[PDB]
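Structure data (compact mmCIF, C-alpha atoms and all ligand atoms) from protein_28.txt:
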```
# COMPACT_ATOMS: atom_id res chain seq x y z
CA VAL A 1 0.00 0.00 0.00
CA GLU A 2 3.17 2.04 0.47
CA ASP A 3 5.76 2.33 -2.34
CA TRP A 4 5.38 4.59 -5.43
CA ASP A 5 7.01 4.39 -8.89
CA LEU A 6 8.05 7.64 -10.58
CA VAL A 7 6.63 6.93 -14.02
CA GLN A 8 7.28 10.14 -15.96
CA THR A 9 8.24 13.75 -15.57
CA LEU A 10 5.15 15.88 -16.21
CA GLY A 11 7.15 19.09 -16.73
CA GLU A 12 10.08 21.28 -15.77
CA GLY A 13 8.77 23.70 -13.14
CA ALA A 14 11.24 26.51 -12.39
CA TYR A 15 12.56 25.03 -9.25
CA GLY A 16 12.48 21.34 -9.83
CA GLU A 17 10.58 18.93 -11.97
CA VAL A 18 7.10 17.55 -11.29
CA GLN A 19 6.78 13.77 -11.50
CA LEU A 20 3.81 11.48 -12.04
CA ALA A 21 3.94 8.86 -9.31
CA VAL A 22 1.78 5.67 -9.38
CA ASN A 23 1.08 3.32 -6.46
CA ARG A 24 2.46 -0.22 -7.02
CA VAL A 25 -0.63 -1.73 -5.25
CA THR A 26 -3.58 0.57 -5.87
CA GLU A 27 -2.42 2.23 -9.09
CA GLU A 28 -3.44 5.64 -7.65
CA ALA A 29 -1.59 8.53 -9.35
CA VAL A 30 -0.03 11.61 -7.72
CA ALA A 31 2.12 14.48 -8.90
CA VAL A 32 5.32 14.98 -6.97
CA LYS A 33 6.77 18.47 -6.85
CA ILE A 34 10.53 18.57 -6.05
CA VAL A 35 12.22 21.59 -4.45
CA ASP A 36 15.98 21.95 -4.00
CA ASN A 37 8.44 30.43 0.78
CA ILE A 38 8.37 26.66 0.38
CA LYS A 39 7.44 26.31 4.08
CA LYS A 40 4.59 28.78 3.57
CA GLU A 41 3.40 26.94 0.42
CA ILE A 42 3.13 23.75 2.50
CA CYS A 43 1.44 25.58 5.36
CA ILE A 44 -1.10 27.24 3.08
CA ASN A 45 -1.74 23.93 1.24
CA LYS A 46 -2.60 22.21 4.56
CA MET A 47 -5.31 24.85 5.01
CA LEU A 48 -7.04 24.13 1.67
CA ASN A 49 -9.90 21.82 0.78
CA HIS A 50 -12.08 22.36 -2.26
CA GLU A 51 -13.06 20.72 -5.56
CA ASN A 52 -11.50 23.44 -7.77
CA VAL A 53 -8.25 23.59 -5.80
CA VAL A 54 -5.41 21.08 -6.29
CA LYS A 55 -5.47 18.68 -3.33
CA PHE A 56 -2.46 18.50 -1.04
CA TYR A 57 -1.84 15.01 0.31
CA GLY A 58 1.53 15.41 2.13
CA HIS A 59 5.24 16.17 2.09
CA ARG A 60 8.62 14.49 2.57
CA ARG A 61 11.63 16.18 4.29
CA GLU A 62 14.19 13.66 2.87
CA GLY A 63 17.57 15.26 3.72
CA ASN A 64 17.78 18.57 1.84
CA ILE A 65 14.93 17.83 -0.69
CA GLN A 66 11.30 18.78 -0.24
CA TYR A 67 8.85 16.44 -1.92
CA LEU A 68 5.32 17.85 -2.31
CA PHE A 69 2.47 15.42 -2.91
CA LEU A 70 -0.41 16.95 -4.91
CA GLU A 71 -3.46 15.96 -7.00
CA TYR A 72 -2.54 14.61 -10.39
CA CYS A 73 -4.40 16.52 -13.05
CA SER A 74 -4.34 14.52 -16.27
CA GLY A 75 -5.96 17.25 -18.34
CA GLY A 76 -2.82 19.39 -18.07
CA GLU A 77 -3.02 23.18 -18.16
CA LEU A 78 -5.92 25.32 -19.23
CA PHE A 79 -3.21 27.17 -21.25
CA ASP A 80 -3.15 24.26 -23.77
CA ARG A 81 -6.93 24.45 -24.39
CA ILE A 82 -6.55 28.02 -25.61
CA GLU A 83 -5.93 28.25 -29.37
CA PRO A 84 -3.60 31.13 -30.31
CA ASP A 85 -5.66 33.96 -31.76
CA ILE A 86 -8.98 31.95 -31.47
CA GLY A 87 -9.57 31.06 -27.88
CA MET A 88 -12.10 28.29 -27.25
CA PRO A 89 -15.86 27.86 -27.63
CA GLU A 90 -17.73 30.29 -25.44
CA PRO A 91 -19.67 27.62 -23.50
CA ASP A 92 -16.35 25.96 -22.58
CA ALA A 93 -14.96 29.33 -21.47
CA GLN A 94 -18.01 30.01 -19.39
CA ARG A 95 -17.85 26.69 -17.58
CA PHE A 96 -14.15 27.17 -16.79
CA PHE A 97 -14.85 30.68 -15.50
CA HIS A 98 -17.71 29.38 -13.20
CA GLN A 99 -15.31 26.87 -11.70
CA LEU A 100 -12.54 29.46 -11.40
CA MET A 101 -14.93 31.74 -9.51
CA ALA A 102 -15.80 28.79 -7.22
CA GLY A 103 -12.13 28.23 -6.48
CA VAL A 104 -11.38 31.93 -5.93
CA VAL A 105 -14.50 32.44 -3.74
CA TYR A 106 -13.26 29.53 -1.58
CA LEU A 107 -9.72 30.99 -1.09
CA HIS A 108 -10.92 34.47 -0.39
CA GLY A 109 -13.39 33.05 2.17
CA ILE A 110 -10.48 31.54 4.12
CA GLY A 111 -8.33 34.69 3.92
CA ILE A 112 -6.04 33.38 1.18
CA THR A 113 -4.96 35.12 -1.98
CA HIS A 114 -3.18 33.10 -4.68
CA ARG A 115 -1.71 36.20 -6.44
CA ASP A 116 -0.70 34.41 -9.71
CA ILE A 117 -3.89 33.45 -11.47
CA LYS A 118 -3.14 32.57 -15.10
CA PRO A 119 -3.92 29.54 -17.44
CA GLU A 120 -0.48 27.97 -16.81
CA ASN A 121 -1.68 27.63 -13.14
CA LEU A 122 -5.16 26.34 -13.88
CA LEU A 123 -4.94 22.60 -14.27
CA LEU A 124 -7.62 20.27 -15.51
CA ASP A 125 -8.60 16.79 -14.24
CA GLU A 126 -9.77 13.74 -16.27
CA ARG A 127 -13.25 15.35 -16.65
CA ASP A 128 -12.00 18.86 -17.55
CA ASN A 129 -12.78 20.13 -14.00
CA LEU A 130 -10.63 23.24 -13.29
CA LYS A 131 -8.19 23.12 -10.32
CA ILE A 132 -6.27 26.12 -9.03
CA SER A 133 -2.56 25.23 -8.65
CA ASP A 134 0.72 26.48 -7.16
CA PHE A 135 0.42 28.38 -3.91
CA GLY A 136 4.05 29.31 -4.25
CA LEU A 137 3.19 33.04 -4.22
CA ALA A 138 0.03 32.88 -2.18
CA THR A 139 -0.39 34.74 1.08
CA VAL A 140 -2.79 35.45 3.96
CA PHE A 141 -4.79 38.63 3.48
CA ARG A 142 -7.33 38.09 6.25
CA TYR A 143 -6.69 36.73 9.72
CA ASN A 144 -9.06 36.82 12.80
CA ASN A 145 -11.37 38.71 10.57
CA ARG A 146 -9.18 41.64 9.96
CA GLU A 147 -7.82 42.50 6.54
CA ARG A 148 -4.23 43.28 5.86
CA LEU A 149 -3.29 45.19 2.72
CA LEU A 150 -0.60 43.88 0.45
CA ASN A 151 2.54 45.86 -0.58
CA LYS A 152 4.84 43.33 -2.19
CA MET A 153 4.58 43.11 -5.92
CA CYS A 154 4.25 39.69 -7.41
CA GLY A 155 2.51 37.77 -10.07
CA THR A 156 2.92 37.80 -13.85
CA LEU A 157 2.92 41.16 -15.70
CA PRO A 158 0.12 40.58 -18.36
CA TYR A 159 -2.25 39.38 -15.58
CA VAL A 160 -1.28 41.83 -12.79
CA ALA A 161 -3.79 44.61 -11.83
CA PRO A 162 -2.80 48.25 -12.31
CA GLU A 163 -2.89 49.26 -8.68
CA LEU A 164 -0.13 46.72 -8.02
CA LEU A 165 2.25 48.69 -10.22
CA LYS A 166 1.01 52.17 -9.01
CA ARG A 167 0.32 52.01 -5.26
CA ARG A 168 2.41 51.26 -2.23
CA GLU A 169 -0.40 49.15 -0.67
CA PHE A 170 -3.58 47.68 -2.26
CA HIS A 171 -6.38 45.22 -1.46
CA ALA A 172 -5.80 41.52 -2.25
CA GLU A 173 -9.18 40.57 -3.61
CA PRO A 174 -9.58 43.03 -6.53
CA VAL A 175 -6.12 41.92 -7.87
CA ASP A 176 -7.30 38.32 -8.14
CA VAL A 177 -10.49 39.48 -9.74
CA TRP A 178 -8.51 41.46 -12.38
CA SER A 179 -6.38 38.47 -13.24
CA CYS A 180 -9.46 36.27 -13.64
CA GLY A 181 -10.50 38.85 -16.16
CA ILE A 182 -7.38 38.59 -18.18
CA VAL A 183 -7.87 34.79 -18.02
CA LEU A 184 -11.39 35.23 -19.43
CA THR A 185 -10.10 37.57 -22.22
CA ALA A 186 -7.61 34.88 -23.14
CA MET A 187 -10.08 32.00 -23.22
CA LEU A 188 -12.42 34.04 -25.47
CA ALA A 189 -9.78 35.65 -27.77
CA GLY A 190 -6.66 33.44 -27.73
CA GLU A 191 -4.73 36.55 -26.98
CA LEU A 192 -3.46 38.65 -24.01
CA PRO A 193 -4.55 42.31 -24.13
CA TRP A 194 -1.32 44.07 -23.03
CA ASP A 195 2.20 43.27 -21.78
CA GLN A 196 1.30 45.19 -18.63
CA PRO A 197 -1.45 47.59 -17.43
CA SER A 198 0.75 50.68 -17.36
CA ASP A 199 -0.10 54.05 -18.77
CA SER A 200 3.18 53.52 -20.84
CA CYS A 201 1.31 50.76 -22.65
CA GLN A 202 -0.61 51.67 -25.78
CA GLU A 203 -2.93 48.66 -25.66
CA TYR A 204 -3.89 49.54 -22.10
CA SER A 205 -4.51 53.22 -23.02
CA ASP A 206 -6.66 52.05 -25.96
CA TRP A 207 -8.77 49.95 -23.63
CA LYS A 208 -9.15 52.86 -21.15
CA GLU A 209 -10.17 55.00 -24.12
CA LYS A 210 -12.82 52.28 -24.95
CA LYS A 211 -11.63 51.35 -28.46
CA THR A 212 -13.22 47.88 -28.34
CA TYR A 213 -13.37 47.86 -32.18
CA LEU A 214 -9.67 46.64 -31.93
CA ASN A 215 -8.26 43.22 -30.98
CA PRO A 216 -8.60 41.39 -28.73
CA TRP A 217 -11.97 42.86 -27.82
CA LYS A 218 -13.39 42.71 -31.28
CA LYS A 219 -13.27 38.87 -31.26
CA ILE A 220 -15.35 38.80 -28.13
CA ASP A 221 -19.09 39.47 -28.10
CA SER A 222 -21.06 41.91 -26.32
CA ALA A 223 -22.37 39.81 -23.40
CA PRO A 224 -18.88 38.52 -22.17
CA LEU A 225 -17.31 41.85 -23.17
CA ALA A 226 -19.71 43.77 -20.92
CA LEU A 227 -18.60 41.66 -18.02
CA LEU A 228 -14.99 42.36 -19.03
CA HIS A 229 -15.92 46.06 -18.88
CA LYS A 230 -16.77 45.65 -15.15
CA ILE A 231 -13.73 43.47 -14.28
CA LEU A 232 -11.01 45.46 -16.07
CA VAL A 233 -11.73 48.76 -14.26
CA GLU A 234 -8.55 50.66 -13.43
CA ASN A 235 -9.81 51.82 -10.03
CA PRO A 236 -9.94 48.73 -7.80
CA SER A 237 -12.35 50.43 -5.45
CA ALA A 238 -14.76 50.72 -8.38
CA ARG A 239 -14.00 47.23 -9.80
CA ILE A 240 -16.84 44.62 -9.69
CA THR A 241 -16.57 42.16 -6.86
CA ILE A 242 -17.23 38.46 -6.99
CA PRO A 243 -20.80 38.41 -5.51
CA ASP A 244 -21.68 40.78 -8.32
CA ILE A 245 -19.80 38.93 -11.10
CA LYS A 246 -22.24 36.19 -10.04
CA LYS A 247 -25.15 38.47 -10.89
CA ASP A 248 -23.73 39.31 -14.28
CA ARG A 249 -25.90 38.59 -17.34
CA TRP A 250 -23.37 36.62 -19.44
CA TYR A 251 -22.17 34.68 -16.35
CA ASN A 252 -25.77 33.51 -15.96
CA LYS A 253 -26.52 33.01 -19.77
CA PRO A 254 -27.33 29.34 -20.59
CA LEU A 255 -25.01 28.02 -23.25
CA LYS A 256 -23.78 24.47 -22.47
CA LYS A 257 -25.70 21.16 -22.07
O1 LIG B 301 3.76 22.30 -12.38
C1 LIG B 301 3.22 22.38 -11.17
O2 LIG B 301 3.75 23.10 -10.30
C2 LIG B 301 2.33 21.22 -10.76
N1 LIG B 301 2.02 20.43 -11.98
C3 LIG B 301 1.06 19.46 -12.04
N2 LIG B 301 0.43 19.14 -10.88
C4 LIG B 301 -0.54 18.21 -10.87
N3 LIG B 301 -0.84 17.50 -11.96
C5 LIG B 301 -0.25 17.79 -13.15
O3 LIG B 301 -0.45 17.25 -14.42
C6 LIG B 301 0.41 17.86 -15.30
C7 LIG B 301 0.45 17.42 -16.75
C8 LIG B 301 -0.63 16.68 -17.25
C9 LIG B 301 -0.64 16.22 -18.56
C10 LIG B 301 0.45 16.50 -19.41
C11 LIG B 301 1.56 17.22 -18.93
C12 LIG B 301 1.57 17.66 -17.60
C13 LIG B 301 1.15 18.81 -14.56
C14 LIG B 301 2.24 19.75 -15.07
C15 LIG B 301 2.04 20.55 -16.20
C16 LIG B 301 3.07 21.40 -16.67
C17 LIG B 301 4.29 21.48 -15.99
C18 LIG B 301 4.50 20.67 -14.86
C19 LIG B 301 3.48 19.82 -14.40
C20 LIG B 301 0.72 18.78 -13.24
```
So, in terms of structure tokens, how does the structure I just supplied come out?
Ligand SMILES: O=C(O)CNc1ncnc2oc(-c3ccccc3)c(-c3ccccc3)c12
Amino acid sequence: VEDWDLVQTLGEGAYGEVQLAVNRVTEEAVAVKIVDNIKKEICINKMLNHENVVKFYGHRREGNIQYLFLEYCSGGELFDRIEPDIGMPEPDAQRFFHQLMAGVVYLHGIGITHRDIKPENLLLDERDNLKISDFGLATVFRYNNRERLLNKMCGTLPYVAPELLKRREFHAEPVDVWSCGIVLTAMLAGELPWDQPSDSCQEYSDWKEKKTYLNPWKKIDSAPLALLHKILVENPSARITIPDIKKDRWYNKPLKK
């Protein structure tokens, strides 16, 4: 019941590799994440339990090495379901977005922000269920019911919210909302809107000026685009929140059997 074969390397991570491990008796599969910040990742993982969040099973100290034992997601990355310049069918996009909201609602409800939401970190199981992955940059933004503001910049530039480049301190939750928006834009367009949301960025100025007759917006369609108008608001205090994304017309539009 103990004893696991490493059966292939799933990918190269930035830190180690990730290995598929199968159980010699039960044939159960797990991903094994090898690290030669990591203590906090393990600590946060122990906190987490939800259907659209990669399951943490355990961890091995083994000398110097840290072995992380996580849900195997045989669907790979949502990134690989996005066709360059096309995106994916809108009903597929909408389902993925529902599940991503479920995962993000769950984290925010336990005071956790992930801070690096992007399709490379949205993994898919055998049934195309979406699992949020890699708490490597995640942190606690609410504890004993009291919010702490963030002031450390991290994430990935094309998905980062504007306030994170402009302000010394900023709320955690609107940043994760913004990045879900870029993830939506991608799924529906096959294309990232800007390299960063800086006023030194023409594509960002064009969006603030409302020129939706350009790409990527023009590929999109007025119901999902209207929702994107409420997510990608420069002022995070004015940005739509999750409870209200849930009231959105497109979000609630029937599309998929
Ligand atoms: O990369 C992470 O940090 C965790 N990675 C994973 N965790 C849990 N299950 C997984 O299934 C994969 C995977 C699945 C099918 C094909 C290829 C890879 C991957 C995968 C993906 C890219 C890089 C590294 C691994 C994966």
Worksheet entry | All residues 12 Å or closer to segment 199-212 of chain A, all atoms listed in the file, same chain fewer than 3 positions away omitted, as a ChimeraX atom specification | /A:157-158,161-163,165-166,192-196,215-222,225-226,228-229,232-235
Discussion item. Which residues are near ligand LIG 301 (chain B) in this structure, taking near to mean any atom at most 9 Å from a ligand atom and counting only C-alpha atoms and all ligand atoms? Format them as an NGL selection string.
Written reply: :A and (9-14 or 16-20 or 30-33 or 54 or 69-77 or 120-121 or 123-125 or 133-136)
Practice prompt. Fewer than 3 positions away in the same chain doesn't count, so skip those; otherwise give me all residues within 12 Å of residue 79 of chain A, counting only C-alpha atoms, as a list in words.
Written response: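 Listing them by chain and then by number gives residues 75, 76, 82, 83, 84, 87, 88, 93, 96, 117, 118, 119, 120, 121, 122, 123, 124, 130, 183, 184, 186, 187, 190, 191 and 192 of chain A.
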Axis-aligned box over every listed atom of segment 13-19 of chain A, padded by 3 Å per side: centre and edges in Å to one decimal, as lines of an AutoDock Vina configuration file?
```
center_x = 9.7
center_y = 20.1
center_z = -11.2
size_x = 11.8
size_y = 18.7
size_z = 9.9
```
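Nearest residue to residue 91 of chain A, choosing from A:106, A:178, A:250, A:141 and counting only C-alpha atoms: A:250.
Comparing the minimum interatomic distances between residue 3 of chain A and each of A:243, A:26, A:15, A:149, counting all atoms listed in the file, we find that A:26 sits nearest.
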Worksheet item: Do you have the atom CA of residue 43 of chain A-atom CA of residue 110 of chain A distance handy?
Response: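 Atom CA of residue 110 of chain A lies at a distance of 13.4 Å from atom CA of residue 43 of chain A.
Nearest to residue 256 of chain A of all the residues A:25, A:92, A:63, A:80 is A:92, based on all atoms listed in the file.
In this comparison, which uses only C-alpha atoms, the residue of A:240, A:38, A:189, A:78 approaching residue 128 of chain A most closely is A:78.
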Worksheet item: If we count all atoms listed in the file, what is near residue 98 of chain A at a cut-off of 12 Å, once residues fewer than 6 positions away on the same chain are taken out, given as a list in words?
Response: residues 52, 91, 92, 104, 105, 129, 130, 131, 180, 184, 242, 245, 246, 247, 248, 250, 251, 252 and 253 of chain A
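Picture a line from atom CA of residue 1 of chain A to atom CA of residue 66 of chain A; it runs 21.9 Å.
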Supply segment 177-193 of chain A as a tab-separated table (two decimals), in the frame of the given file, with N, CA and C atoms built in where the input has gaps.
```tsv
chain	number	residue	atom	x	y	z
A	177	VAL	N	-9.41	39.28	-8.84
A	177	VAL	CA	-10.49	39.48	-9.74
A	177	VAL	C	-9.97	39.96	-11.11
A	178	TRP	N	-9.02	40.91	-11.13
A	178	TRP	CA	-8.51	41.46	-12.38
A	178	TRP	C	-7.88	40.36	-13.19
A	179	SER	N	-7.07	39.54	-12.53
A	179	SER	CA	-6.38	38.47	-13.24
A	179	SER	C	-7.33	37.40	-13.75
A	180	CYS	N	-8.45	37.17	-13.08
A	180	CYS	CA	-9.46	36.27	-13.64
A	180	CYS	C	-10.00	36.86	-14.90
A	181	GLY	N	-10.06	38.19	-14.95
A	181	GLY	CA	-10.50	38.85	-16.16
A	181	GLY	C	-9.59	38.71	-17.36
A	182	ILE	N	-8.30	38.72	-17.12
A	182	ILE	CA	-7.38	38.59	-18.18
A	182	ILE	C	-7.51	37.13	-18.63
A	183	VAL	N	-7.74	36.22	-17.69
A	183	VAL	CA	-7.87	34.79	-18.02
A	183	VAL	C	-9.11	34.58	-18.91
A	184	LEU	N	-10.23	35.20	-18.52
A	184	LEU	CA	-11.39	35.23	-19.43
A	184	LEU	C	-11.15	35.76	-20.90
A	185	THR	N	-10.45	36.87	-20.97
A	185	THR	CA	-10.10	37.57	-22.22
A	185	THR	C	-9.34	36.57	-23.09
A	186	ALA	N	-8.41	35.89	-22.46
A	186	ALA	CA	-7.61	34.88	-23.14
A	186	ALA	C	-8.36	33.72	-23.69
A	187	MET	N	-9.23	33.12	-22.85
A	187	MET	CA	-10.08	32.00	-23.22
A	187	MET	C	-11.01	32.35	-24.38
A	188	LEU	N	-11.44	33.62	-24.47
A	188	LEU	CA	-12.42	34.04	-25.47
A	188	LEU	C	-11.79	34.63	-26.74
A	189	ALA	N	-10.50	34.95	-26.69
A	189	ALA	CA	-9.78	35.65	-27.77
A	189	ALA	C	-8.50	34.97	-28.21
A	190	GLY	N	-7.92	34.11	-27.37
A	190	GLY	CA	-6.66	33.44	-27.73
A	190	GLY	C	-5.47	34.37	-27.68
A	191	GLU	N	-5.58	35.40	-26.87
A	191	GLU	CA	-4.73	36.55	-26.98
A	191	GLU	C	-4.78	37.40	-25.68
A	192	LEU	N	-3.62	37.87	-25.23
A	192	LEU	CA	-3.46	38.65	-24.01
A	192	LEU	C	-3.61	40.11	-24.41
A	193	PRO	N	-4.34	40.93	-23.68
A	193	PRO	CA	-4.55	42.31	-24.13
A	193	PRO	C	-3.37	43.30	-24.06
```
